[PDB]
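1. to kick things off, part of the complex as it is:
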Amino acid sequence: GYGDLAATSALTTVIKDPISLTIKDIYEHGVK
C-alpha cells in the first residue's frame, strides 16, 4: 500500500530534522 511510505518518510523527517537542528546548537554554542 501507499500508507507505509507515509509511515516511513514521515518518521524519516521527524527524526532526522530535529536532531540536525539540536546538534547544530550543540556544535556552535557548546563546541565551537
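-> Great, that's in hand. Numbers count the residues shown, from 1 in each chain, chains lettered A, B, ... in the order given.
2. residue A:11: what's it in contact with?
-> By C-beta atoms under 8 Å, 6 or more residues apart in numbering, the contact set of residue A:11 is empty. For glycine as for every other residue, the C-beta is placed from the backbone atoms N, C-alpha and C.
3. could you say which helix or strand contains it?
-> Here residue A:11, judged by DSSP states H and E, is contained in helix A:3-26.
4. how near is residue A:13 to residue A:29?
-> According to C-beta to C-beta, to the nearest Å, residue A:13 and residue A:29 sit 25 Å apart.
5. what does residue A:3 give?
-> 40 Å.
6. just want the most central residue of chain A.
-> Nearest to the geometric centre of chain A sits residue A:16, at 1.9 Å (C-alpha atoms, centre = their mean).
7. ok, that residue to residue A:10 distance?
-> Distance, residue A:16 to residue A:10, by C-beta to C-beta: 11 Å.
8. what do you get for residue A:17?
-> Residue A:17 is 11 Å from residue A:10, by C-beta to C-beta.
9. now do residue A:20
-> 16 Å.
10. same check, this time on residue A:21
-> 17 Å.
11. chain center to the helix holding residue A:11: distance?
-> 3 Å (C-alpha atoms, centre = their mean, to the nearest Å).
12. how about stretch A:23-32?
-> The answer for stretch A:23-32 is 16 Å, by C-alpha atoms, centre = their mean.
13. what's the span of that stretch from first residue to last?
-> Terminal residues of stretch A:23-32 are spaced 12 Å apart (C-alpha to C-alpha, to the nearest Å).
14. buried sites along that stretch?
-> Using 16 or more other C-beta atoms under 10 Å as the test for burial, stretch A:23-32 gives no buried residues.
15. tack on chain B:
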Amino acid sequence: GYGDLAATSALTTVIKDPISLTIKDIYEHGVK
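-> Placed with the earlier chains, chain B looks like this:
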C-alpha cells in the same frame, strides 16, 4: 509503469517538506 514513481516521489515530497518546515518553527520559536 512510470505512474508509481509519480505516486511515490510525490508523497515523498508532500510529507517530507511540510514537516521539515513545521519542525523548523517548533524548534526555533518553541525550543531554541
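16. contact residues of chain A facing chain B?
-> Residues of chain A lying close to chain B (C-beta under 8 Å from any C-beta of the partner chain) are A:2, A:5-6, A:9-10, A:12-14, A:17-18, A:21-22, A:25.
17. list buried residues within the residues you listed.
-> Buried members of these, counted by 16 or more other C-beta atoms under 10 Å in any protein chain shown: A:5, A:9, A:13, A:17, A:21.
18. so residue A:12 makes contact with residue B:16?
-> Yes - contact criterion C-beta atoms under 8 Å: residue A:12 and residue B:16 qualify, at 7.0 Å.
19. between the two, what contacts are shared?
-> Common neighbours of residue A:12 and residue B:16 are not found (criterion: C-beta atoms under 8 Å, 6 or more residues apart in numbering or on different chains).
20. and residue A:2, backbone torsions?
-> phi -90, psi 0 (degrees, to the nearest 10).
21. dump the residue contacts of it.
-> Neighbour list for residue A:2: B:7-8, B:11 [criterion: C-beta under 8 Å, 6+ apart].
22. a markdown table please, covering those and showing neighbour count.
-> Shown next, in a markdown table, are the contacts of residue A:2 (neighbours: other C-beta atoms under 10 Å in any protein chain shown):
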| residue | neighbour count |
| --- | --- |
| B:7 | 13 |
| B:8 | 13 |
| B:11 | 15 |
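23. so which of those reach chain A?
-> By C-beta under 8 Å from any C-beta, the members of those lying near chain A are B:7-8, B:11.
24. nearest to chain A, of those residues?
-> When the ones next to chain A among the contacts of residue A:2 are compared for distance to chain A (C-beta to the nearest C-beta), residue B:11 wins out at 5.4 Å.
25. confirm for me that the closest one is in contact with residue A:9.
-> Yes - Residue B:11 lies in contact with residue A:9 (C-beta under 8 Å); the separation is 7.2 Å.
26. what sits up against stretch A:21-32?
-> With C-beta under 8 Å, 6+ apart, stretch A:21-32 has contacts from B:23-24, B:27, B:32.
27. throw chain C on there as well:
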Amino acid sequence: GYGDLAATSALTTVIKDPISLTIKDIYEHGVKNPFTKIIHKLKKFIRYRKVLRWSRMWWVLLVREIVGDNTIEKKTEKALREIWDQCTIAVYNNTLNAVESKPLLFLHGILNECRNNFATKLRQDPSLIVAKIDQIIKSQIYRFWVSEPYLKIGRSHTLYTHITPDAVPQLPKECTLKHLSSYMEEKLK
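-> Once chain C is put in with the chains from before, the structure reads:
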C-alpha cells in the same frame, strides 16, 4: 539501457522540485503568516486586557469627537485602531501607576502618543485627525472622557472585544469638540 535513468531521474526532478516550491509558499504565506497573526492577536489578550478596556473606550469617544454624527468607516477604524492600540501598549509599559487608580495620566499619555503616532504616519488628514487631537490636548476637554458614566465601563468586567459604540454613552453636546469649535468661532468672529 541508460534511457531509463533519463526517464526516472527526470521525473524525480519534475515532481519533487515544483512541489517543494509550492509547499514553501503555502507554508510561509498560508500557514506561518496567518499563524504569526493569530498569536500576536492573542498577546493583546493574555496581557494588556485591562488597558484595552480603557483604550477601546477612549477610542470610541475619540472617533465621535473626530467625526461627530457623520457616517464613520467600519473598515478603516481597523487601520486606525491598531495604531491606537499601539499607543496604549506603548504607554502602559511606561507607567507604574495602575490604569484604574489614576486614569487621566493615561489620557495625557495615550492621546499625546497618538498625537504624534498619527502625525508620523498619516500624511493627508481630510478628517483632520492630528489637528483635532491637537485641540483635545490644548483645550483639555478630554476630562469628560473620564466621568461618572464613563468610570463604570472601565471598572466593569467586559473584554475589549465586547465594547461597541453602543456600550459607551454619548457625551453631552456642551462637552464635544464640535460645539467647542463652533462656540469658539462665534466668540472670535
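28. re-run the earlier check on the contacts of residue A:2 with chain C in the model.
-> If you count contacts by C-beta under 8 Å, 6+ apart, then residue A:2 has B:7-8, B:11 around it.
29. still on that earlier bit, tell me if the helix holding residue A:11 is near chain C.
-> No - applying C-beta under 8 Å from any C-beta, one finds helix A:3-26 separated from chain C by no less than 11.9 Å.
30. and the residue of chain A nearest chain C?
-> residue A:9 (11.9 Å).
31. tell me who's in contact with that residue.
-> B:11-12, B:15-16.
32. who's in contact with residue A:18?
-> So residue A:18 contacts B:23, B:27 (C-beta under 8 Å, 6+ apart).
33. cutoff 6 Å now
-> The contact partners of residue A:18, by C-beta atoms under 6 Å, 6 or more residues apart in numbering or on different chains, come to residue B:23.
34. ok so, going back, quick one: the helix holding residue A:11 to helix B:3-26, angle?
-> 30 degrees (axes from the mean of the first three to the mean of the last three C-alpha atoms, to 10 degrees).
35. what's the burial count for the nearest residue to residue A:6 once chain neighbours are set aside?
-> Spatial nearest neighbour of residue A:6, excluding adjacent residues (C-beta to C-beta, 6 or more residues apart in numbering or on different chains): residue B:15 at 6.0 Å. Using other C-beta atoms under 10 Å in any protein chain shown, residue B:15 has 19 neighbouring residues.
36. I'd say residue B:15 and residue A:12 touch.
-> No - using C-beta atoms under 6 Å, residue B:15 makes no contact with residue A:12, being 8.9 Å away.
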